[PDB]
Each structure stands twice: as structure tokens, then as C-alpha cells.
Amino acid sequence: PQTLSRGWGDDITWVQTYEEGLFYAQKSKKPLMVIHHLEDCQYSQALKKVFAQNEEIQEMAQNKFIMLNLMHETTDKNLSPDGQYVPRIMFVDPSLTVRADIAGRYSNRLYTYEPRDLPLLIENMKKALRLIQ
């Protein structure tokens, strides 16, 4: 039974599409969080299990971000500037500009996170909340 949350947080109100995400991001002046993943990916499964259950992450996701998760690539090459690996978490500023400066610990997989990177993902969500202005 297909859900929109796909394990990333059932109490988040997820948008369905990138264009919807951008529409609400700009109107509500909130960043958009785009989580790219696959269901048959162990690393995607492990990350979403800890993401779903993290209180601080869930409060930000619910109240400070527009939230989207996808298992197929969008039409925007700016959301995959160093490849289409997953899991891949990109932030988009309300100005519609992708925050390519908000990156995880791996230099050749800049937008991936593993479970041990939760403190860094939390800090990067906060970085995304400090809007381009």
C-alpha cells in the first residue's frame, strides 16, 4: 500500500512533487528538503529508520520545512550535481536556489548521509534555515 512518507515520518505532511515543493517553499518562506532514496537500498532503509524516530529532525521537518521524498529523479540537474546516488538529501532555499553548499561528510558523495551522520544532518537542516538572506 503506497504511502507518501515511505518510512521517513508518518506525521510529516509531505508534498507529492518538486513543483509543489517549490510553490510552498517560496510562499511560506521555508526551505524545501528533497530526500532521494530507493526501497531496495539498505543504506536508504537504515537512514530513514533513524530519521523517522529522531525528535529534533521531525519537529523541524513538520514545522520549518517543506518536505518531499522521491524514488525517481526530478527534471532538475541542480538536485544531482555530483551524481544520482541514494540516499541523497538536498536543500532548496525559498528563493528557489539549490543549496549545493549544504553537504555531508563525503567529498565525492556530498549529499549522502549514513546513520552516524545524524548530528551533521541536524546541523545542515539548521544551515538551510539560515536563508540565503
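Heads up: residue numbers just count along the shown sequence, starting at 1.
Engineer: Out of 110-118 and 7-15, which stretch has the higher average CA B-factor listed in the record?
Structural biologist: Comparing 110-118 with 7-15, the higher mean C-alpha B-factor belongs to 7-15.
Engineer: Could you check the entry and say whether 25-33 or 73-81 has the higher mean CA B-factor?
Structural biologist: Averaging CA B-factors over each stretch, the winner is 73-81.
Engineer: Highest Cα B-factor in the PDB entry belongs to which of 52, 66, 86, 103?
Structural biologist: Among 52, 66, 86, 103, the PDB entry lists the largest C-alpha B-factor for 52.
Engineer: What third of the chain does residue 41 rank in for C-alpha temperature factor, lowest, middle or highest?
Structural biologist: Highest third of the chain for residue 41's C-alpha B-factor.
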